[PDB]
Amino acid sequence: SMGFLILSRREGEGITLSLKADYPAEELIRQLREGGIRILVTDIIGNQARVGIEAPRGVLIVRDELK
């Protein structure tokens, strides 16, 4: 199954996607070749955009201001 993260982002705010160190390379590459990552603009509430990300469990999703 998939991890799902939707966050409000203002101008100049972002997200970094990386690979989790504890998951194996053969499997992550197969997660990403086969199904990929989906980015969705879910809502635009004025000066904010709610961005959804659906990604296999091996993908680390971190808001830029955290790391």
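Numbers follow the displayed sequence, beginning with 1.
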Q) Out of 20-28 and 52-60, which one has CA B-factors that are higher on average in the deposited record? A) 20-28
Q) Of the two stretches 39-47 and 11-19, which shows the higher Cα B-factor on average in the entry? A) 39-47
Q. Of the three thirds of its chain by CA temperature factor, lowest, middle or highest, which one includes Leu66?
A. highest
Q: Give the position of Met2 by CA B-factor within its chain, expressed as the lowest, middle or highest third.
A: highest
